[PDB]
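Peer 1: Here it is: the structure, laid out below.
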Amino acid sequence: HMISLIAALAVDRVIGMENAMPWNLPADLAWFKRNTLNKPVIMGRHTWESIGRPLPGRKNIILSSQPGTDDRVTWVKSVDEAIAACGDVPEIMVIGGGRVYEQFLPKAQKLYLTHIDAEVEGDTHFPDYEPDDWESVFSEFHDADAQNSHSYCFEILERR
Ligand SMILES: NC(=O)c1ccc[n+]([C@@H]2O[C@H](COP(=O)([O-])OP(=O)(O)OC[C@H]3O[C@@H](n4cnc5c(N)ncnc54)[C@H](OP(=O)(O)O)[C@@H]3O)[C@@H](O)[C@H]2O)c1
Ligand SMILES: Nc1nc(=O)c2nc(CNc3ccc(C(=O)N[C@@H](CCC(=O)O)C(=O)O)cc3)cnc2[nH]1
């Protein structure tokens with residue numbers, strides 16, 4: 001009934017390098033937690049492998065073209081199967097990675113983005129979300145501090 005993408009972006013909207021995350025910002029991941037819990041989460045098979053354990057309290061739906069390899073989650077073969085597998089919920093969280101984010105952006109009505117002031121070379125990037133289609137409805141800047149080496153910004157965008 002409603003799809004959101006939730007993603008932490010560095011410069012160039014880098015989200016993934018060597019299939020990891022080199023921007024140790026704990027308030028950046030504590031932001032993922034306030035926004036994803038009790039909502040179903042959709043992710044691609046690579047993002048599933050990097051969490052290594054379902055997100056608790058939540059239907060975990062993992063897109064892959066091949067049979068599943070973990071009974072603790074729900075395996076689906078298409079974007080529409082992934083959505084249906086989430087049930088009748090007010091909001092579905094799409095949590096990556098690159099390929100899954102791109103497929104779900106046209107279906108999304110909300111984006112929850114952390115922008116981190118960090119240079120990381122990056123093979124994988126968040127999809128280009130046109131400003132004409134998205135409106136910033138929340139935005140809070142934070143300088144680097146004791147826990148965060150990087151300056152960062154939590155943002156919430158709603159589809160126009
Ligand atoms: N910073 C962030 O916000 C964020 C979010 C998550 C992860 N990441 C990074 O993003 C990268 C991962 O993204 P990725 O693109 O590498 O892999 P992914 O998007 O996590 O999932 C890729 C895999 O999902 C499956 N898949 C996706 N769409 C499908 C579809 N429509 N039908 C069937 N199967 C489908 C395929 O698995 P098969 O090959 O089995 O078909 C595909 O190989 C990593 O670098 C990760 O660290 C960052
Ligand atoms: N805002 C935001 N920040 C992120 O770091 C992020 N990461 C992903 C995909 N990658 C990951 C990697 C690790 C964990 C993770 O370990 N989180 C656990 C514990 C809570 C925490 O560590 O913050 C979880 O319960 O989801 C989640 C997503 C998707 N959306 C995001 N969104």
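By convention in this document, the chains of the structure tokens carry letters A, B, ... by their order, each chain's residues are numbered from 1, and ligands are numbered from 1 in the order they are shown.
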Within range 19-142 of chain A, find each residue whose DSSP state, derived from the backbone, is strand (DSSP E), and express the selection as an NGL selection string.
Peer 2: :A and (41-44 or 60-63 or 74-76 or 92-94 or 108-116 or 124-125 or 134-142)
Peer 1: Dump the neighbourhood of ligand 2 as a ChimeraX atom specification: all residues within 7 Å, distances computed on only C-alpha atoms and all ligand atoms.
Peer 2: /A:6-8,26,28-33,47,50-51,55-56,95-97,112-114
Peer 1: For ligand 1, collect every residue having any atom at a distance of at most 8 Å from a ligand atom (counting only C-alpha atoms and all ligand atoms); output as JSON, numbers by chain.
Peer 2: {"A": [6, 7, 8, 9, 10, 14, 15, 16, 17, 18, 19, 20, 21, 43, 44, 45, 46, 47, 48, 50, 62, 63, 64, 65, 66, 67, 76, 77, 78, 79, 95, 96, 97, 98, 99, 100, 101, 103, 113, 114, 123, 124, 125, 126]}
Peer 1: One decimal, Å: what's the distance from CA of residue 72 in chain A over to CA of residue 57 in chain A, could you say?
Peer 2: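 Atom-to-atom, CA of residue 72 in chain A and CA of residue 57 in chain A are spaced 11.7 Å apart.
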Peer 1: Which of these residues is nearest to residue 154 in chain A, using only C-alpha atoms: A:130, A:71, A:88, A:117?
Peer 2: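 Closest to residue 154 in chain A, using only C-alpha atoms: A:117.
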Peer 1: Set the distance at 8 Å and use only C-alpha atoms: which residues neighbour residue 159 in chain A once local chain neighbours fewer than 3 positions away are removed? I'd like the list as JSON, numbers by chain.
Peer 2: {"A": [108, 109, 110, 133, 134, 135]}
Peer 1: With a distance cut-off of 9 Å and only C-alpha atoms, select the neighbouring residues of residue 87 in chain A, excluding the residue or stretch itself and same-chain residues fewer than 2 positions from it, and output the selection as a PDB file with N, CA and C atoms, in the first residue's frame.
Peer 2:
ATOM      1  N   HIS A   1       0.822  -1.207   0.000  1.00  0.00           N
ATOM      2  CA  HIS A   1       0.000   0.000   0.000  1.00  0.00           C
ATOM      3  C   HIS A   1       0.865   1.269   0.000  1.00  0.00           C
ATOM      4  N   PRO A  40       7.491  -4.488   7.381  1.00  0.00           N
ATOM      5  CA  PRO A  40       8.204  -5.455   6.526  1.00  0.00           C
ATOM      6  C   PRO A  40       9.354  -4.780   5.785  1.00  0.00           C
ATOM      7  N   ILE A  83       6.468  -7.188  -3.030  1.00  0.00           N
ATOM      8  CA  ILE A  83       5.454  -6.329  -2.427  1.00  0.00           C
ATOM      9  C   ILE A  83       4.310  -7.171  -1.877  1.00  0.00           C
ATOM     10  N   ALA A  84       3.783  -8.088  -2.686  1.00  0.00           N
ATOM     11  CA  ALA A  84       2.642  -8.871  -2.211  1.00  0.00           C
ATOM     12  C   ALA A  84       3.022  -9.648  -0.961  1.00  0.00           C
ATOM     13  N   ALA A  85       4.251 -10.168  -0.925  1.00  0.00           N
ATOM     14  CA  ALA A  85       4.688 -10.958   0.218  1.00  0.00           C
ATOM     15  C   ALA A  85       4.723 -10.152   1.501  1.00  0.00           C
ATOM     16  N   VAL A  89      -0.003  -3.842   4.653  1.00  0.00           N
ATOM     17  CA  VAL A  89       0.660  -3.078   5.701  1.00  0.00           C
ATOM     18  C   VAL A  89       0.567  -1.608   5.326  1.00  0.00           C
TER      19      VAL A  89
END
Peer 1: Could you check the closest approach to residue 102 in chain A for each of A:127, A:4, A:115, A:82 and tell me which residue wins, using only C-alpha atoms?
Peer 2: A:127
Peer 1: What does the structure give for the distance between CA of residue 81 in chain A and CA of residue 131 in chain A, in Å to one decimal?
Peer 2: 28.8 Å
